[PDB]
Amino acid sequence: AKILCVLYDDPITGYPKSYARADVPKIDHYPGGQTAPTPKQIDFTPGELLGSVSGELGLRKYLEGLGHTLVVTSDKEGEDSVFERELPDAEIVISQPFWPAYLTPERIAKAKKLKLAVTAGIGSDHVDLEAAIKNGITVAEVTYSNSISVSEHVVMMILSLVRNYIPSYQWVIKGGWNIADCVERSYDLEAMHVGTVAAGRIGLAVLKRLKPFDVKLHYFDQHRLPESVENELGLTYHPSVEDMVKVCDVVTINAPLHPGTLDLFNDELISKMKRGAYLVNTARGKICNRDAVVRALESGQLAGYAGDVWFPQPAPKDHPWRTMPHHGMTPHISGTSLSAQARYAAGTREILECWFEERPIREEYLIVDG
């Protein structure tokens, strides 16, 4: 069987010959009970770069050992791409949200042999699920693999926006000191109201990390948390996003991209936020209206915006989130720390092993069971 695997380019300096550190911590479980991925073996050392083309998610020796072929490419856009040229033949397709090979209805129809689509990461919005179901295709993602990584990025970005980190760092680089320049927009996070859209794996991890900062916590989720959890964290549940954002100094978005979240943060909802609110979005780019964010930063309605997720990806050179005032953006990286890569790579293998050995794929990994 042919496995077709789309990954991002190596670093422009070459695939790394060494790393800043010798190893990474062992993670073998997640809050709430779920175990870390359980492949029978891994053919990499946690901490290696796995998610770029030379890394191959550590899959080659395993797949070739079983008589399969593995095609790895970053070339994923259009009919002429290696991806589309190889797609009709592939039984299995794998990519990461950070560099996603879209399975549109058109691509799915062309993909005559496709039985399994794996998301190495979380969030399968790049796969047409209606089309997968129609064609009996199984769709899996590595649930929880990077949720914590994101939660860390979120808290980092909230503190960086509120405290005015990056502007202050720039004064250092520019050879200045300029205390008042740095702190005329520098606040403490303490005792601010912070709210999350969603309290799933990421959102709950964010709340737990925010708690000791002594903020007042708020959230909305279609699935309300147990009352006892609300009480332990000091959470206020709100019946809607709109109702929540009205009282928040800071809002972080941690819901998947789907009908109810597409363009959720448009001019109208942003206008309901407190003037000078901070908005953080490591969920998906399209949950926030591109130009509405820009307008709100320009007017001061938002004091700052930060996230790692864009529409489209990669963001073109002219993408206006690059030059809008008061941002702390990164490219789409939070879910692809080297730490996270070890887990979703192990998880991708665990899924492939279940597939080939005809064992059930873990229930929490399954998005459609074909």
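Each residue number is its position in the shown sequence, starting from 1.
Decide which of the stretches 198-206 and 242-250 has the higher mean C-alpha B-factor, going by the entry.
It is 242-250 that shows the higher mean C-alpha B-factor.
Per the entry, where is the mean C-alpha temperature factor higher: 297-305 or 35-43?
Result: 35-43.
Top residue by Cα temperature factor, when 326, 332, 317, 343 are compared in the entry
It is 317.
Highest recorded C-alpha temperature factor, please, choosing from 152, 89, 214, 141.
Of 152, 89, 214, 141, 89 has the highest C-alpha B-factor.
Based on the entry's values, in what third of the chain does the Cα temperature factor of residue 231 lie: lowest, middle or highest?
CA B-factor rank for residue 231: highest third.
Can you tell me whether residue 122 has a C-alpha B-factor in the lowest, middle or highest third compared with the other modelled residues of the same chain?
Residue 122: CA B-factor falls in the middle third of its chain.
Chain-relative CA temperature factor third for residue 260:
For residue 260, whose C-alpha B-factor we compare with every modelled residue in the chain, the answer is the highest third.
Chain thirds of CA B-factor: placement of residue 312:
According to the entry, residue 312 has a C-alpha B-factor in the chain's highest third.
Please rank the C-alpha B-factors of the chain's modelled residues and tell me whether residue 115 sits in the lowest, middle or highest third.
Highest third.
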